[PDB]
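Quick setup: one chain, the form deposited without the named molecule, written in structure tokens, and binding and motion questions come after.
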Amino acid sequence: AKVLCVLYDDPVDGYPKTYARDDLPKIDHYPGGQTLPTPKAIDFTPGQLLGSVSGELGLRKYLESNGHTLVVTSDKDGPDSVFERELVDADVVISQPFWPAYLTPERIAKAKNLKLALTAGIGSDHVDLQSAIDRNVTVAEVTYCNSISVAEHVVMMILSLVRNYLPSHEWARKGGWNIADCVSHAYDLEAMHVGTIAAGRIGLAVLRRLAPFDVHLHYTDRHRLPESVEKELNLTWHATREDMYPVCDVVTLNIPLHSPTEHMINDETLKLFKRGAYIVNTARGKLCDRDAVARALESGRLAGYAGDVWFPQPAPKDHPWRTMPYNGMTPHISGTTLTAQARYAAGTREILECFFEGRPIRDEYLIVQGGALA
């Protein structure tokens, strides 16, 4: 079988020979009881860069020693890409949400051998599920692999925005001091009101991490949490987003998106936010209208905006979110720390081991199986 794996580029100075640490902290299960990936062996050392082209998710020795071929590339866009060329006979397709190879209906029609579409990470919005069903293609992902990673990124960005960390650090780097210039936009997070639009794996990990900061926690969702959990973390429920925005000092947008309406945060909806509110958006770039946010930060209606998702993606070099006032942006990297890479590389092999050996793939990994959802 031919396995076609799309990964992002190597570092500027080349693939790393040495790393900052020797191993990763021991973790056994996710919050809720789901165990970490359980392949029968790995050919990488946890902590290596696996999501880049030279890392190959640690898969080559496993597949080549079993008679399979592995084609790794970063060229994924357009009909003339390496991906679309190798896709015609590819049995398995692997890519990450951070550098995704889209399986459009057109492309699936061209994939005459396709049997398995594997997401090295979380999310399958790049895969047309209807075409997979019609072609009996299995669609799986490594569920829960980086949910905690995203939650850490969010809490860090909340603190950085409220406390004015990034301009303050620049004063240190440029050789200045300027205490008053640092702190005239700096607040404590304590006792602020923080709300999340979804209480999933990410949203609930964020809620638990914000609690000891003595903030007032709010949330909306499709579906309420048990009042067991609402009691434990002393949460306020809102039936709609719009009911939650005006009471919140900080709003975080994560997945799952109940109603993915593009531009659901725009100039009109931003009138519902308190003056000087903060938004942290890791869900999707087009959830917020690009210029409404930029206007809001330049006018002071928003006191800060941070996130790692953009539109378009990757962002052009003059994207306003790169340099607008009081932004805490990073590239799309939050769920691909070296730690998260070890988990979804292990999960990728566990899925490939189950697939090639004819064993059942984990129930929680499956999105589409044998011609229907799973």
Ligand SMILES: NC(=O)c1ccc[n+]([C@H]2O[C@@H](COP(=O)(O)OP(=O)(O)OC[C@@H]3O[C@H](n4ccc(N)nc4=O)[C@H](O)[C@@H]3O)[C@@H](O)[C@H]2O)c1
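The term rigid core refers to the maximal set of C-alpha atoms that superpose within 1.5 Å between the two forms. Shifts are known only where both forms have a C-alpha. Numbering starts at 1 and follows the sequence shown.
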Per the record, averaged over C-alpha atoms, which has the higher B-factor: 217-225 or 198-206? 217-225
Comparing 301-309 with 29-37, which has the greater mean CA B-factor as deposited? 29-37
For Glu141, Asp243, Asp188, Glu152, the deposited C-alpha B-factor is largest at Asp243
Return the residue from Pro100, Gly121, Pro79, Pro167 that has the highest Cα B-factor in the entry. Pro79
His319's Cα B-factor: lowest, middle or highest third of the chain? lowest
Could you tell me which third, lowest, middle or highest, the C-alpha B-factor of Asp75 occupies within its chain? middle
Relative to the other modelled residues in the chain, which third contains the C-alpha temperature factor of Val92: lowest, middle or highest? lowest
Third of chain Cα B-factors occupied by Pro46: highest
Which third of the chain does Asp9 land in by C-alpha B-factor: lowest, middle or highest? lowest
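The same protein has a further form, the form solved in complex with the named molecule, not shown here; the description that follows concerns it.
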Once the site C-alphas are superposed and the named molecule is modelled as in the entry with it bound, is the result open or blocked, blocked being 3 or more ligand atoms within 2.4 Å of any backbone or C-beta atom of this form? blocked
I'd like to know whether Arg173 contacts the named molecule in the entry with it bound, with contact meaning heavy atoms within 4.5 angstroms. no
If we define contact as a non-hydrogen atom of the residue within 4.5 angstroms of the partner, is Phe98 a contact of the named molecule in the entry with it bound? yes
For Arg201, is any heavy atom within 4.5 Å of the named molecule in the entry with it bound, or not? yes
With the partner left out here, check for me: in the entry with it bound, does some heavy atom of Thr138 sit within 4.5 Å of the named molecule? no
Choose from 332-340, 58-66, 319-327, 39-47 the stretch whose residues reach within 4.5 Å of the named molecule in the entry with it bound, heavy atoms counted. 332-340
Candidate from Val250, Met244, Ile255, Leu103 lying within 4.5 Å of the named molecule in the entry with it bound - any heavy atom: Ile255
Proximity to the named molecule in the entry with it bound, single hit among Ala90, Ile108, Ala296, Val150 (heavy atom within 4.5 Å): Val150
Are all three of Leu4, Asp75 and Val127 close to the named molecule in the entry with it bound, meaning a heavy atom of each within 4.5 Å? no
Determine the residues of 48-78 with a heavy atom within 4.5 Å of the named molecule in the entry with it bound and present them in sequence order; the list may be empty. none
Upon rigid core superposition, which of the listed residues (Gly176, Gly300, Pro260, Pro105) is displaced by 2 angstroms or more at its Cα between the shown form and the other one? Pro260
Closer or farther: how do the CA atoms of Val93 and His258 lie in the entry with it bound, compared with the form shown, if the change is at least 3 Å? closer
Where do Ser259 and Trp237 end up in the entry with it bound, Cα atoms closer or farther than shown, with a change of 3 Å or more? farther
Could you list, in sequence order, the stretches of three or more consecutive residues moving 2 angstroms or more at Cα between the shown form and the other one on a rigid core superposition? 255-261
